[PDB]
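First comes the structure, then the notes that go with it.
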Protein chains: 4
Amino acid sequence: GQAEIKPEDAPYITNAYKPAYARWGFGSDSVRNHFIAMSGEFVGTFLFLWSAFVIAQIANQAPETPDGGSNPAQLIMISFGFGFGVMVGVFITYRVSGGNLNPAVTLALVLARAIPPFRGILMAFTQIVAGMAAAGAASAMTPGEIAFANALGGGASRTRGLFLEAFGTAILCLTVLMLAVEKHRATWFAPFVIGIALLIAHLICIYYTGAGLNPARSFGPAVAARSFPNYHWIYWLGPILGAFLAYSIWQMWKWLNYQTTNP
Amino acid sequence: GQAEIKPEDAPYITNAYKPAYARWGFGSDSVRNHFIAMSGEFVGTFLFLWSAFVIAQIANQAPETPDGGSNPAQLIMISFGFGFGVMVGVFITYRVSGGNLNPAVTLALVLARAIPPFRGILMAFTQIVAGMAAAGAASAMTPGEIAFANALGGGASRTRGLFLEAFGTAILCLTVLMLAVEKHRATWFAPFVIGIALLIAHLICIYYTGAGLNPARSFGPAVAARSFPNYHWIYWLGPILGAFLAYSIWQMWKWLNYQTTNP
Amino acid sequence: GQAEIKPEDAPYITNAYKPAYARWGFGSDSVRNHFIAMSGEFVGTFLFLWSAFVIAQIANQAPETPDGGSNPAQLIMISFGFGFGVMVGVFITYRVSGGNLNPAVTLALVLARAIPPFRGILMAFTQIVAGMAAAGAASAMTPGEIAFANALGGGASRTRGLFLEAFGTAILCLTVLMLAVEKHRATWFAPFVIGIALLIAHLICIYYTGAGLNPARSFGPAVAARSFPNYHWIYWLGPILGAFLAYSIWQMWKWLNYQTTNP
Amino acid sequence: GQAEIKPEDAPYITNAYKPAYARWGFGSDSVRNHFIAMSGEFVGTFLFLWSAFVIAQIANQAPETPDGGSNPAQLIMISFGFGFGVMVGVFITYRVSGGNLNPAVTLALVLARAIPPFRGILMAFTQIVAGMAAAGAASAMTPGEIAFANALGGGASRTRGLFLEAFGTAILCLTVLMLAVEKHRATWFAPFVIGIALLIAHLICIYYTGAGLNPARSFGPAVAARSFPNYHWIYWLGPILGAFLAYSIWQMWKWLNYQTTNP
Ligand SMILES: CCCCCCCCO[C@@H]1O[C@H](CO)[C@@H](O)[C@H](O)[C@H]1O
Ligand SMILES: CCCCCCCCO[C@@H]1O[C@H](CO)[C@@H](O)[C@H](O)[C@H]1O
Ligand SMILES: CCCCCCCCO[C@@H]1O[C@H](CO)[C@@H](O)[C@H](O)[C@H]1O
Ligand SMILES: CCCCCCCCO[C@@H]1O[C@H](CO)[C@@H](O)[C@H](O)[C@H]1O
Ligand SMILES: CCCCCCCCO[C@@H]1O[C@H](CO)[C@@H](O)[C@H](O)[C@H]1O
Ligand SMILES: CCCCCCCCO[C@@H]1O[C@H](CO)[C@@H](O)[C@H](O)[C@H]1O
Ligand SMILES: CCCCCCCCO[C@@H]1O[C@H](CO)[C@@H](O)[C@H](O)[C@H]1O
Ligand SMILES: CCCCCCCCO[C@@H]1O[C@H](CO)[C@@H](O)[C@H](O)[C@H]1O
Ligand SMILES: CCCCCCCCO[C@@H]1O[C@H](CO)[C@@H](O)[C@H](O)[C@H]1O
Ligand SMILES: CCCCCCCCO[C@@H]1O[C@H](CO)[C@@H](O)[C@H](O)[C@H]1O
Ligand SMILES: CCCCCCCCO[C@@H]1O[C@H](CO)[C@@H](O)[C@H](O)[C@H]1O
Ligand SMILES: CCCCCCCCO[C@@H]1O[C@H](CO)[C@@H](O)[C@H](O)[C@H]1O
Ligand SMILES: [Cl-]
Ligand SMILES: [Cl-]
Ligand SMILES: [Cl-]
Ligand SMILES: [Cl-]
Ligand SMILES: [Cl-]
Ligand SMILES: [Cl-]
Ligand SMILES: [Cl-]
Ligand SMILES: [Cl-]
Ligand SMILES: [Cl-]
């Protein structure tokens with residue numbers, strides 16, 4: 001009753017589809033390995049954010065909805081751009097850099113000791129530069145005024161926006177921790193779940209905050225539009241708080257040895 | 001022709017991605033294990049319902065549709081909030097508590113003897129408290145009046161609503177039973193199927209009942225809005241009936257040894 | 001480098017998630033086995049079609065679009081009802097009956113010799129009765145006039161409708177053949193692909209034919225509405241032609257030994 | 001702790017779900033093998049493009065949006081037609097031809113040495129003929145004027161359109177390279193990721209270029225409509241550039257041995 005694997009098919013079994021950070025042990029601090037990680041974060045973050053910025057630009061050409069009302073089809077389109085955009089970016093870059101594509105995700109993983117702080121800083125810087133590049137490219141490639149920068153809307157206060165951003169980011173980061181960082185039969189599938197988490201977080205946040213959820217996503221368009229709202233700090237503090245919340249929950253479960261009935 | 005697994009990749013094979021209730025055997029009645037299960041249900045139910053409540057709040061800011069007509073884009077958005085919200089919550093909590101996130105699901109699994117009654121009661125209480133917390137948080141975080149409480153609509157009577165709720169909940173619970181409780185090559189993927197089942201059940205029910213499908217989902221917003229419709233009982237009895245219907249079907253298939261041609 | 005499976009996790013490996021028809025060999029002609037197959041087709045077809053009929057009823061309460069124009073959000077909602085409805089029904093019933101849920105799918109599989117003709121006839125009859133029951137239940141549970149019966153629309157002729165139905169059904173049936181009937185590493189996932197195929201086929205057909213794609217889906221509502229259009233035959237002949245087309249393509253690939261470079 | 005596979009279930013393990021091009025080694029240049037590859041590309045490309053063309057025809061019957069504005073629901077519908085259409089086509093044809101369904105994808109894979117140039121030319125010709133057939137069939141099967149041919153819109157210049165097409169096609173091709181060509185535990189799932197990549201690329205491009213992303217998709221409708229815009233070259237050069245960009249990135253990662261910490 002033994003599984004029978006033809007030799008030409010062995011790669012599909014032996015080559016695990018696991019995030020790169022799972023295997024960043026001894027040897028990882030070479031310039032080559034730092035470059036590989038940066039290149040994955042750059043390519044992935046650029047393709048994800050560029051895509052999503054153009055999609056948001058288009059969605060924001062819909063006729064205005066009166067009286068500040070919502071436009072569900074518009075919100076769905078934008079959420080697809082970010083959620084499916086990140087899904088594709090993470091699937092592409094999973095074995096290159098792990099596909100964080102988001103400084104807040106990288107922060108959660110530094111807290112969790114999945115990524116060391118220096119590598120994490122390199123990745124976060126790379127993501128922010130990629131988001132600047134993506135914003136510049138999306139602006140150059142589309143007519144009219146930039147429509148993909150984050151802003152408060154829907155009657156939301158800054159305080160409400162901060163909490164929406166924090167809890168939305170926590171959902172994203174907890175997904176990464178429980179599906180990608182934790183090692184199990186579903187780790188390979190984490191990019192899908194991560195994308196759906198981001199899709200949800202956009203349905204929560206776009207109407208009220210524009211959905212930052214990702215300092216690199218918020219910073220780049222502000223640079224390209226040459227304008228920072230005074231409440232721009234919510235797009236930094238909110239995701240940071242969410243990363244700490246997700247980490248906190250994960251850490252509690254780790255100290256409980258959650259996955260094992262009788263440790 | 002033997003599969004070849006590098007030692008660093010063994011966790012992805014050896015660590016099954018299975019619901020926690022699959023492995024609640026001897027040792028499960030410790031305070032630690034009860035706490036783990038409650039913490040999974042609390043975190044998962046809170047994140048799922050909070051998300052979905054905010055999404056519903058936003059969707060319900062769309063301009064009114066005349067003459068009681070439906071708004072497909074709005075209904076899709078709300079169904080995504082609940083369906084993808086539960087999907088993410090279940091994927092996160094699958095190995096913590098099994099991700100029931102719904103007293104009716106827990107009831108079906110108690111009937112099926114997948115979860116013992118006392119643990120099931122603890123989980124159900126936890127879900128109801130999480131739904132209260134989620135409703136309070138979603139209300140606090142959003143402007144205007146609560147728009148995520150369940151109500152009859154679309155010309156539906158209470159009796160029609162009861163049956164819609166029951167059959168929708170039965171689809172959800174039968175999905176959990178056949179994909180998560182039954183052990184097979186697709187058990188790991190059950191959270192996806194569960195989410196799509198809930199998405200469908202929302203497309204069936206939102207227009208007519210608001211889509212309860214989950215006593216914890218219905219109770220929390222009623223508390224936060226300080227108002228219970230007199231027909232609130234449909235949001236309890238309907239899901240209970242659906243859990244019994246799903247259990248009944250599963251039990252018939254179990255007594256038939258459905259999966260085996262020659263038992 | 002050997003895979004290491006804890007005994008409690010062996011069921012997730014040993015219990016293949018495969019369509020029931022894969023394992024209908026000697027012993028299958030018992031009354032028990034016929035009943036199991038019928039019960040899977042009944043439960044699955046009922047839940048799928050009932051769901052989708054209610055969803056279509058609701059979607060068809062949207063305000064009318066002028067000048068016979070299309071309503072993309074409405075079409076998406078209906079396609080989700082059928083596509084995700086069948087996905088859930090097939091995942092639930094895959095190991096019970098194989099989840100055909102459609103006489104045309106059963107016909108394709110009888111042609112392919114995956115299901116014997118007598119069992120296939122039993123399954124097809126069961127599906128048609130389930131569709132009658134689903135139509136009656138959906139009608140009873142919803143106010144107003146039935147809005148889920150198939151009709152020509154969008155300026156389509158009967159001849160155009162026949163071809164749309166045939167090619168849409170062929171996509172569905174070829175998906176079942178190549179993903180579920182053919183045995184490989186992705187067979188477990190066929191219910192997902194089948195659902196997306198049906199979703200596509202609805203986006204092709206609803207506007208023009210109402211999207212039959214399934215004689216059981218078309219017949220039941222006609223009975224419940226007590227009215228058969230004179231062109232009702234397109235909802236039988238079209239899917240039959242599609243089943244033969246899909247079978248034909250599959251059969252060509254089988255005689256070519258498609259999957260093997262050097263047979 | 002050894003995995004235990006019943007003999008009747010061995011096919012689901014032993015028969016890898018891998019693109020046909022993975023196994024085009026010695027023996028592949030027979031007429032039989034060329035025919036198999038062409039037949040997969042023809043069937044897959046026809047079903048994908050025919051589906052998507054009819055869906056686009058229908059979506060383009062929505063009432064016009066004033067002032068050149070976007071229609072998110074319409075754009076979502078069209079993107080589903082192409083994205084889910086390609087997903088189904090690739091899943092069906094993965095083990096027949098690999099499911100390229102797109103001359104630009106085939107070009108990327110010829111550059112990557114996954115497919116030899118002569119076979120690649122045969123596949124590309126087949127795709128273009130299939131797209132002609134699909135356009136003719138979709139036109140014949142639908143009333144009114146063809147509405148599925150590519151055109152600039154949304155205020156986009158040809159230069160902007162060229163870049164949108166190139167970067168969108170690069171996302172698609174990089175997905176194919178990293179998920180299908182690279183051999184790992186997720187290769188079987190590549191058809192899903194490919195479909196989502198195409199879905200994203202449509203949300204980026206439809207409003208501005210009509211979304212070519214695929215010379216076979218653009219050429220066929222131009223033939224059927226008997227009209228080529230003078231900027232039709234963007235639908236060739238853009239996807240070609242995108243294929244080269246994707247190849248370039250992949251090639252850099254291959255020379256870095258990206259997947260291995262210590263080569
Ligand atoms: C002399 C003390 C240590 C020698 C160098 C050890 C290098 C270990 O390197 C690690 O090997 C693992 C496989 O075992 C891989 O999964 C990791 O990617 C790699 O970082
Ligand atoms: C990442 C590289 C993206 C290059 C996109 C360049 C597209 C330039 O596009 C041009 O922009 C001008 C305004 O700047 C318009 O006047 C032109 O009509 C438009 O073609
Ligand atoms: C032999 C005397 C010891 C008495 C302690 C009974 C503790 C029962 O509790 C058990 O403790 C185990 C750790 O000891 C855990 O692994 C189990 O999960 C827990 O149920
Ligand atoms: C003295 C009589 C019984 C001794 C204690 C038995 C504890 C069994 O404990 C069970 O072990 C299984 C693995 O075998 C795990 O899968 C379960 O999670 C665990 O509950
Ligand atoms: C789970 C914790 C959620 C905390 C959210 C608190 C957000 C409070 O938000 C405040 O609500 C007031 C009305 O109550 C408004 O007047 C303020 O403008 C708004 O900022
Ligand atoms: C040797 C005399 C016994 C005659 C009974 C013939 C029953 C044939 O029926 C078989 O019965 C088996 C159980 O017996 C089941 O496992 C099979 O599914 C069923 O087909
Ligand atoms: C006396 C001549 C034949 C004896 C009865 C053979 C019954 C075979 O039965 C078949 O066994 C397979 C496993 O081998 C199962 O996968 C099938 O479900 C079952 O139909
Ligand atoms: C499968 C069983 C479904 C039972 C649904 C029965 C719902 C009956 O519903 C009733 O229908 C009457 C019209 O017939 C209306 O007058 C009532 O107001 C409505 O409650
Ligand atoms: C030794 C003389 C025989 C000459 C025939 C050369 C045929 C080469 O063709 C090969 O034929 C094989 C079957 O024979 C197939 O399996 C291969 O796919 C095909 O490439
Ligand atoms: C005489 C020199 C070579 C003899 C013919 C070798 C044919 C190899 O053929 C290859 O075999 C692989 C399995 O090993 C398959 O995966 C490939 O599909 C096939 O192309
Ligand atoms: C791939 C084969 C598709 C065959 C579709 C043929 C459908 C022909 O359809 C006919 O087209 C005529 C205009 O040409 C209309 O006048 C007819 O009313 C319509 O039935
Ligand atoms: C023994 C003297 C050699 C000194 C070189 C130290 C290089 C450390 O760097 C290591 O180089 C290895 C290749 O050599 C790579 O596989 C590792 O990824 C890299 O970290
Ligand atoms: Cl404030
Ligand atoms: Cl899998
Ligand atoms: Cl401020
Ligand atoms: Cl009533
Ligand atoms: Cl009442
Ligand atoms: Cl006609
Ligand atoms: Cl007729
Ligand atoms: Cl130009
Ligand atoms: Cl030109």
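Reckoned from all heavy atoms, side chains included, excluding hydrogens, waters and symmetry mates. Ligands are counted one by one from 1 in listed order, and the atoms in each one are counted from 1 as well. Chain A is the first sequence line, chain B the second, and so forth, proteins listed ahead of strands; every chain is numbered from 1.
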Worksheet item: Between A/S157 and ligand 5, is there a nitrogen or oxygen pair with a distance under 3.5 Å?
Response: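 Checking ligand 5 against A/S157, an N or O pair does fall under 3.5 Å apart.
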Worksheet item: Does the protein place any heavy atom closer than 4.0 Å to atom 20 (O) of ligand 11?
Response: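 It does; a protein heavy atom is within 4.0 Å.
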Practice prompt. Determine, counting only non-hydrogen atoms of the protein, whether one lies under 4.0 angstrom from atom 11 (O) of ligand 5.
Written response: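 It does: a protein heavy atom is found less than 4.0 Å away from atom 11 (O) of ligand 5.
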Worksheet item: Would you call the rings of A/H202 and A/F82 parallel, tilted or perpendicular if under 30° counts as parallel and over 60° as perpendicular?
Response: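 Rings of A/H202 and A/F82: parallel, as their planes differ by under 30°.
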Considering only protein heavy atoms, which is closest to [atom], and at what distance to one decimal place?
| atom | value |
| --- | --- |
| atom 1 (C) of ligand 5 | B/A137 CB, 3.9 Å |
| atom 8 (C) of ligand 11 | D/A140 O, 4.0 Å |
| atom 13 (C) of ligand 5 | A/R160 NH2, 3.8 Å |
| atom 5 (C) of ligand 11 | D/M141 CG, 3.9 Å |

Discussion item. So for atom CZ, which belongs to D/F125, do other residues, nucleotides or ligands contribute more than 12 heavy atoms lying within a distance under 6.0 Å?
Written reply: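 Check fails, neighbour count at 12 or below.
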Worksheet item: Any idea which atoms of ligand 11 are less than 4.0 Å away from a heavy-atom of C/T159?
Response: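 Every atom of ligand 11 under 4.0 Å from some heavy atom of C/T159: 20 (O).
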Fill in: Which residues share a side chain to side chain contact (heavy atoms under 4.5 Å, CB included) with C/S227, sequence neighbours left out
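Residues passing side chain to side chain contact (heavy atoms under 4.5 Å, CB included) with C/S227: none at all.
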Item to complete: Search all heavy atoms of B/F80 against all heavy atoms of A/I200 and return the closest pair with its distance.
Response: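 Taking B/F80 first and A/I200 second, the nearest heavy atoms are O-CD1, 3.5 Å.
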Item to complete: For residues C/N102 and C/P215, determine if any side-chain heavy atom of one lies less than 4.5 Å from a side-chain heavy atom of the other.
Response: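 Contact flag for C/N102/C/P215 side chains = yes.
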Worksheet item: Does C/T65 reach the side chain of D/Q61, with side-chain heavy atoms less than 4.5 Å apart?
Response: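 Answer no - side chains too far apart.
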